[PDB]
4 protein chains.
Amino acid sequence: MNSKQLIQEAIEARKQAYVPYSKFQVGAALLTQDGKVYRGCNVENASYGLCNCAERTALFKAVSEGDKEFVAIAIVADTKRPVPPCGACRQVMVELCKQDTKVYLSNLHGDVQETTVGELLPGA
Amino acid sequence: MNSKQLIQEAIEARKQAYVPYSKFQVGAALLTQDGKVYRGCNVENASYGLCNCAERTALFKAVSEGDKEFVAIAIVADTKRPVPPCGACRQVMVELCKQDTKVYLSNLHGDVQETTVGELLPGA
Amino acid sequence: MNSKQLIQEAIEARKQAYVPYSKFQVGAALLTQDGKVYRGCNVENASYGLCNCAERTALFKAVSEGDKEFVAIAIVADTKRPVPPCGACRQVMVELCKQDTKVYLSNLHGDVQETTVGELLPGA
Amino acid sequence: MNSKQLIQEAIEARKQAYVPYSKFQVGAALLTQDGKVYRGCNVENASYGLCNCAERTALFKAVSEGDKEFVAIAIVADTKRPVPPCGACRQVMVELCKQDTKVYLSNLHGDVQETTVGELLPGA
Ligand SMILES: [Zn+2]
Ligand SMILES: [Zn+2]
Ligand SMILES: [Zn+2]
Ligand SMILES: [Zn+2]
């Protein structure tokens, strides 16, 4: 599937977000080499340090089903420009994905920035 | 179901753990009010602080799929006595579950302790 | 020094808190067996999962100076009743302190609950 | 000062690390606009996810003492080439420091890479 369809999956994933403290909904969608998609959203805690990001939710759900080979991930939020993952998600993406895996950052108004896991974290 | 079946499901969940640094696999299985089961495992990182626990992987999976009403959780590891979740897991369960929700801590050699989300975190 | 003086140290520590997202200031003060006090406050991030608690700040600062034997800690916030540490701070306190180390939870209106590190985290 | 002196201070900071699980000591030293130095080290937990990095321990110490204006940081570990901070550390530095603040990554065998907070986290 193409980047436009994986972005839609992230738009759908995002609607499921648990965010009463920030009210800021993020969604992600991870695609395996076999073509399966894993959806993820952010999940907050009143104790802010325990908040979990969409990207990590999607990745942990894929690992938990025994899927380990990932080709791309799309990430979506209602920002002005597409905003990239926070530094802690980038680090997890580096652990679980290859340097060349595609990352499509997007917002709800059609903006798109394609990058890679490696480029997101210089020297990781 | 029953508690012995949710423990079996956690036993199976533990097999998917990603643990190359600690080598220590954990599994959890979460039961919804409707009787849906969600499995999780711990997922580690070379940066230790970014490691994620079994209980969280199950809970965040359920949230991401739209389930928010949980009746019980089982947690399993190769320990001597059954061990309770770490304090950060306890804090997540308090946010996402009711104080009366049932927690079965088990090992691979028979031992079972049953407790509750509330009893695990006094004053939370 | 007594619990009333360690609580004052926490009241002073709290004024230094970095919290633009929650605007909720916490302070702590850790006392060594030799009588030295370490002050700590919470420090937030726009990426909420990276927020750090007062208790952890105080503890990490004590370790970083080579102090390892702790007799008590006081914790203060502007809550109705004294509120206990979040589950992740409890876990760190367990790693670095003895089960019998004293914890004074307090607010700005004189309320005080004394407990212990061990009692804060059943079975840790 | 100079970069070689801040590196020496990180070399000293690393000696206080609490690392019984990874065994891997890291040090950091942070320099304020006024020329005050704050040292930190990594502090580990049996629950890997609760581990804290050197860079954070230094930064949170400075904040807790009222210093918020940072001109440079040095970070030191026993690696083959100098290694950059993990993504979660990068995200903290972005919040607490200016994009132009100077970062010296060093090892114990001569190697030095100088970079910046901004260069370490593109698009942050
Ligand atoms: Zn993130
Ligand atoms: Zn845990
Ligand atoms: Zn806390
Ligand atoms: Zn780090």
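Cut-off values and rules
- Bear in mind the residue numbers are our own, running from 1 along each chain as written, so they may not match the entry, and residues with no coordinates are left out.
- Here every chain gets a letter starting at A, and every ligand a number starting at 1, in the order they are written.
- Only hydrogens and water are set aside when side-chain values are computed; all heavy atoms of the structure are taken into account.
- Coordination partners: N, O, S within 2.8 Å of the metal, 3.2 Å for Na, K and Ca; water not considered, so apparent gaps in a site are possible.
- Helix and strand assignments follow DSSP, with helices taken as H or I runs no shorter than four residues and strands as E runs no shorter than two, numbered in order from the N terminus.
- Each residue gets one of three labels from its accessible area relative to the maximum for its type: buried under 20%, exposed over 50%, partly exposed in between, using a 1.4 Å probe on protein chains only.
- Detection works on a 1 Å grid of protein atoms alone, calling trapped sets that fit a 1.4 Å probe cavities and calling open sets with protein on both sides within 12 Å along at least five of seven lines pockets, with lining residues defined by an atom within 4 Å of a point.
- Grid points are joined across faces, edges and corners, and a volume is the space filled by probe spheres set on the points.
- Residues are grouped as follows: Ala, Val, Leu, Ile, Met, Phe, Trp, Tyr, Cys and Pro are nonpolar; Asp, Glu, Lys and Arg are charged; all remaining types, including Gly, are polar.

- Per the PDB record, this model was obtained through X-ray crystallography at a reported resolution of 2.40 Å.

## What to know about the coordination of the zinc ion (ligand 4)
Residue and element names in this part refer to chain D.
No. 1: Every protein donor of the zinc ion (ligand 4) is accounted for by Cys53 (SG), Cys86 (SG) and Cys89 (SG), and the metal-donor separations fall at 2.4 to 2.5 Å.
No. 2: Read from N- to C-terminus, the donor residues coordinating the zinc ion (ligand 4) fall into the pattern C-x32-C-x2-C. Taken together, the residues span a long stretch of sequence, with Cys53 in the loop between β2 (37-41) and α2 (54-64) and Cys89 in helix α3 (residues 87-96) at a distance of 36 residues.
No. 3: Accessibility expressed as a relative area gives 21% for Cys53, which makes it partly exposed.

## Observations concerning empty space enclosed by the protein
No. 1: Taken as a whole and assessed by the stated rule, the structure comprises 2 cavities of 30 Å³ or more.
No. 2: Quantified by volume, the largest cavity comes out at close to 40 Å³.
No. 3: Looking at the second largest cavity, its volume works out to about 30 Å³.
No. 4: In this structure, the second largest cavity is lined by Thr57(A), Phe60(A), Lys61(A), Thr57(B), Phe60(B) and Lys61(B).
No. 5: If you list the elements that add at least two residues to the lining of the second largest cavity, you get α2 (54-64) of chain A together with α2 (54-64) of chain B.
No. 6: Here the lining of the second largest cavity is composed, by residue class, of 2 nonpolar, 2 polar and 2 charged.

## A few points about unusual backbone geometry
Most of the time, phi is negative for any residue but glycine, and the peptide bond is trans.
All names here are of chain A.
No. 1: Residue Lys23 is not a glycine yet carries a positive backbone phi of 60 degrees.
No. 2: Mapped onto the elements of the fold, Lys23 is located in the loop between α1 (3-14) and β1 (27-32).
No. 3: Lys23 gets classed as exposed once you look at its relative accessible area, which sits at 67%.

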